[PDB]
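For reference, the structure is listed below as structure tokens.
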Amino acid sequence: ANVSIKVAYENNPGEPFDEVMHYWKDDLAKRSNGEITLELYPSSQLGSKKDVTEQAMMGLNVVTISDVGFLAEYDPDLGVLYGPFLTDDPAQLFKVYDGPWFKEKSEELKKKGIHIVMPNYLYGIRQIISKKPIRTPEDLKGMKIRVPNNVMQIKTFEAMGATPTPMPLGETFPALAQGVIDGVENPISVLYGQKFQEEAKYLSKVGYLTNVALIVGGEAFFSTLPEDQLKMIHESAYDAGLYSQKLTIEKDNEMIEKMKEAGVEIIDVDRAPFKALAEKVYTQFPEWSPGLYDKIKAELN
Ligand SMILES: C[C@H](O)[C@@H](O)[C@@H](O)[C@H](O)C(=O)O
Ligand SMILES: [Cl-]
Ligand SMILES: [Cl-]
């Protein structure tokens with residue numbers, strides 16, 4: 001039987017993320033002999049991440065890119081895994097995603113209506129592009145940095161001294177052009193693909209978040225599918241995640257040079273003072289289970 005699945009994301013056509021969605025679509029199409037078809041909706045065509053997630057939860061045949069910081073809204077302990085400067089090594093992160101605590105969380109989420117489809121996308125390392133250079137935390141004072149509607153990211157930027165300004169990625173460009181905000185934070189490929197270099201000419205390599213992304217949909221939808229189809233969807237999704245773990249990194253030199261050609265200065269910074277301020281967020285979540293952060297660090301190594 002033919003199954004169509006809408007795939008919603010904020011990234012624009014040609015971004016590495018969009019390329020990996022094409023990989024996934026082709027992989028799944030081939031495994032299923034054309035019976036399972038992904039319909040791609042880049043550039044926030046289906047609206048905001050939080051809204052798309054709600055539609056999925058009611059049973060719409062849609063998935064969206066997301067992360068554990070968003071999912072913390074539904075399962076609070078997941079928030080710790082989106083914390084700043086957790087590690088610079090993707091391999092360590094993926095140990096937690098592959099471990100039994102994350103499995104338990106993923107099963108909890110199903111009962112809440114949320115089905116993780118792809119658990120292993122390497123989104124990149126999040127940097128900041130801004131209208132004035134950020135070399136020290138002191139430079140962030142007075143700056144309105146856009147962040148997603150993600151509690152951990154909001155608290156992270158507050159702890160470092162900025163004024164976080166949350167909004168969906170699809171609204172960010174005009175806010176930056178108008179000076180409502182004066183910076184944006186994201187992996188360099190996403191910053192470039194969203195054209196923020198037209199409005200901001202300083203890129204600081206704070207590297208505050210080594211970023212894993214998830215594809216998520218609604219359990220009410222996925223539980224209706226036969227086992228053989230679910231297997232093809234999960235396997236092809238995992239393949240795509242593995243592809244992202246090569247492509248995202250491979251794209252680095254190319255993206256650095258494109259930024260330079262657009263007149264953006266790439267700034268290496270002393271990361272330690274940013275990290276020292278950001279680390280305070282780990283004691284700002286009273287709803288976390290006791291010992292959560294310690295357990296996470298123990299699993300990372
Ligand atoms: C995987 C993440 O949720 C991204 O989709 C999100 O950070 C996005 O790049 C944004 O900046 O809103
Ligand atoms: Cl949102
Ligand atoms: Cl958002």
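No hydrogens, no waters, no symmetry mates; every other heavy atom, side chains included, goes into these values. Counting from 1, the numbers follow the sequence of the chain as shown. In listed order, ligands and their atoms are each counted from 1.
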Original post:
Is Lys105 salt-bridged to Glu108, going by a charged N under 4.0 Å from an acidic O?
Top reply: yes
In a table with atom names and distances, give each donor-acceptor pair under 3.5 Å that connects a side chain of residues 292-301 to protein atoms at least two apart or in another chain.
from: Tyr293; atom 1: OH; to: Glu279; atom 2: OE1; distance (Å): 3.2
from: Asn301; atom 1: ND2; to: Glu299; atom 2: O; distance (Å): 3.4

Original post:
Near ligand 1, which residues have a heavy atom under 4.0 Å away from one of its atoms?
Top reply: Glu10, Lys49, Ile65, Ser66, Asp67, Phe70, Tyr123, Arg126, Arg146, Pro148, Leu169, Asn186, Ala213
**OP:** Nearest 0.5 Å please: distance from the NZ atom of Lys50 over to the CG atom of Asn150.
**Re:** 9.0 Å
Subject >> Sidechain N-carboxylate O distance under 4.0 Å for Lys260, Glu257 >> reply: no
**OP:** Show the numbers, then the answer: is there a ring pair (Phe, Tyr, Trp, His ring centres under 6.0 Å) between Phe17 and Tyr121?
**Re:** CA-CA 9 Å; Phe17 187 84; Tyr121 194 101; 4.8 Å; yes
Original post:
Among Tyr82, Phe274, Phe157, which residue meets the ring pair (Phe, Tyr, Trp, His ring centres under 6.0 Å) test with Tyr208?
Top reply: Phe157
